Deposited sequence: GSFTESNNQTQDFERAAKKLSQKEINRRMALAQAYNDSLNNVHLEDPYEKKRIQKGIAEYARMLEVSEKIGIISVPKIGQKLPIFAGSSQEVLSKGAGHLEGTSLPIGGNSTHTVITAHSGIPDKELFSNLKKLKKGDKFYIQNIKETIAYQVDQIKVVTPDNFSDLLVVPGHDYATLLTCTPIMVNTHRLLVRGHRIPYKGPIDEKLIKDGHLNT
């Protein structure tokens, strides 16, 4: 469900990619993490507008996790509608374009029967890799920390100065969902603690 994004991204001119990426950079520089909310709170209380500059074909990117054979569309926000059809981006975290002092968080469900999504995220280990494609390019991350945290602990999702991080976020234990699994990687060239 990702070929449409690729096709549409390739049709943008370089000036338009630059304009959009500028808006995304400006958004990241003004990021306020007050938007941080747990997507998997059962009794949690709209359409996401904050990442429109990165959107083509309704999507802001593609998340590839080769070890578990996933290549999923990324949609803005983390609404139930989004999480039923692919991966979401956690509003309040950096948009997935990389850069110094950025930390983007991409999330998908582990406990929807009959949809793989991030059901097997817990198979990831330090040294494994994942990739995010946005309208400009594909950026790569190498897993360097795996943590299981409570749903009200956002500490490990915040921007770390001087680093370019990405975390893949899901619920755990499978079908129980009392906790959150956070698989963090650091930027590499594209070619509690567990």
Expected output for missing-CA ranges on the deposited sequence is 1-8, 54-55, 202-211, 215-216
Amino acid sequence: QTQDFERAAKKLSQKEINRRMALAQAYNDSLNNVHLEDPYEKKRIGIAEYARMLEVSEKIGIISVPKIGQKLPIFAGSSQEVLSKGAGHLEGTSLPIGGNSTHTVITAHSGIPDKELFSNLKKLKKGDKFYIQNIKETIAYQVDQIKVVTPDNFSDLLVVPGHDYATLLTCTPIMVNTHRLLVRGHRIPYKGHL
From here on, numbers count along this sequence of modelled residues.
With B-factors read from the PDB entry, the higher C-alpha mean of 14-22 and 173-181 is in 173-181
Mean B factor on CA atoms, stretches 75-83 and 104-112, record says higher is 75-83
Based on the PDB entry, the highest CA temperature factor among the options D152, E137, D144, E55 is that of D152
One of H163, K129, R44, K59 has the largest Cα B-factor in the entry, namely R44
Binned into thirds over the chain's modelled residues, the C-alpha B-factor of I188 lands in the lowest
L31: C-alpha B-factor third of its chain, per the entry, is the highest
Binned into thirds over the chain's modelled residues, the C-alpha B-factor of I97 lands in the lowest
